[PDB]
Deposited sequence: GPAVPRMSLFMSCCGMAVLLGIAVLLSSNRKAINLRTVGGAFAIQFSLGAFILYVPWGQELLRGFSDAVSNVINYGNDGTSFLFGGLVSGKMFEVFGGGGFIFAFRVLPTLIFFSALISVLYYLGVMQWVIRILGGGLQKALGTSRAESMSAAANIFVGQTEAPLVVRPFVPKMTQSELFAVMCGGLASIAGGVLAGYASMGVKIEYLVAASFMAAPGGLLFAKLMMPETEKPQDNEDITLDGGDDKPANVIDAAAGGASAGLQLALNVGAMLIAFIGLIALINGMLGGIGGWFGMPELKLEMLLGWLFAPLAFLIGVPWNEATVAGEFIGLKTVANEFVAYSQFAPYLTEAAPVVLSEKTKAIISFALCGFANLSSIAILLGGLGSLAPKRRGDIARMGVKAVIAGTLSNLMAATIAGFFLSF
């Protein structure tokens, strides 16, 4: 059922291709091989499982160190006393999760100043272009997207963006949509999402993004080819992380509020058709259950899984994770299998949604203002490609689990 899932996902991409005959079998064959093998290595092979576990524990340690800054600012409100007083409601999201975005943004900026990020990206991106035949720039952007967000990753190849082929630009877009970022990864981890899955999905996003970019927009043209000190670097990162944290916080207040209002209205509207219990989650579960089943979620869990996967696609993954997180605790409304939890975790791990197009337009567009028309034109296809990559990663994860 998983292998059928993989075939259908690949087939959809081929059906949507700008030119199926231009599809490079080495590129897309190798890309799928890498995404599949990467998953096999770290989710199934003992030595790989241990490397993943080791990496994840380090990430967990870094998060905990960063929480010392949070503890200073908010004191008792992020202490154990909160759970005694308020019970479950003692976990204040605004103080527990959002500040991690600030710390990690500062850390990443420091690692860029020190040249550490560039070193890792150069190695991974180099391996990708040699194996796949993808261009230098698009391969580096794909690798950068493992660690940073869709508008930050292309910065490592910013002078090459204005003259990128349409296929290159599309791949750059897909690499961002198929992945997340270090900051929010730590946020999702703080919400209870398994770090191993997040790290695995992040790394798998690089070949996965190239896979579906090159299936849906094969190359038909010919491609071509700093802060004053480390403290300034950290400060710049903290500032950017602050803006992100404020925006995420405002988005969540509004979007979760709007879903509640939508459910209030759907209840009244549904009542006209004998369904006063109608809610957005029900519509999404009903609509997306076949997709969840297709990627390997058991029949009796596909509807609940569909709620989260659907919400990620029609809104964004942060809102989706916010609703999925309770199902990872002991107080879960529905106790899901460990394979279903994993599949959902992987399928949600991406910036692939329609609103990300506007973000790419501004961020990626500022890097090449004459290409904004191209970005807008390819936006929906890029979101589909990114969605397919997330789904494929989830299917693969479901397979080896």
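- Residues 1-10, 236-246, 423-424 of the deposited sequence, counted from 1, carry no C-alpha coordinates in the model.
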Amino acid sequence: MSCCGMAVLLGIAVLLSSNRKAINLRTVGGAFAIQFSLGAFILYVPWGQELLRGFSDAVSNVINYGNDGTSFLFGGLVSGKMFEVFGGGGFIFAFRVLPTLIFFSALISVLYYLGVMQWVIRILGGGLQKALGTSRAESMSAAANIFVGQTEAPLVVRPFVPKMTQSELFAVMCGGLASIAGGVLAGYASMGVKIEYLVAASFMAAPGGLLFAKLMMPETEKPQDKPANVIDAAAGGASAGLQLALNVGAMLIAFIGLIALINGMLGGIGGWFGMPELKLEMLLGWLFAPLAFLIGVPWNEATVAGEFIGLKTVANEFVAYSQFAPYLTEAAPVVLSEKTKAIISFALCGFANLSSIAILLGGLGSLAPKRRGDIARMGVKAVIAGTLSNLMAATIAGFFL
From here on, numbers count along this sequence of modelled residues.
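- Between the stretches 325-333 and 251-259, it is 325-333 that shows the larger average CA temperature factor.
- A summary of the deposited B-factors shows that, of 82-90 and 111-119, the stretch with the larger mean C-alpha value is 82-90.
- Which of 63, 357, 43, 348 has the largest Cα B-factor in the deposited entry comes down to 43.
- Within the group 175, 149, 99, 159, the record's highest C-alpha temperature factor is found at 159.
- Among the modelled residues of its chain, residue 393 has a C-alpha B-factor that falls in the middle third according to the deposited record.
- Per the deposited record, the Cα B-factor of residue 303 falls in the highest third when ranked against the other modelled residues of its chain.
- Per-chain ranking of the deposited C-alpha B factor places residue 352 in the lowest third.
- Ranked within its chain, residue 69 lands in the lowest third, by CA B factor from the PDB record.
- In the PDB entry, residue 24 places in the middle third of its chain by CA B-factor.
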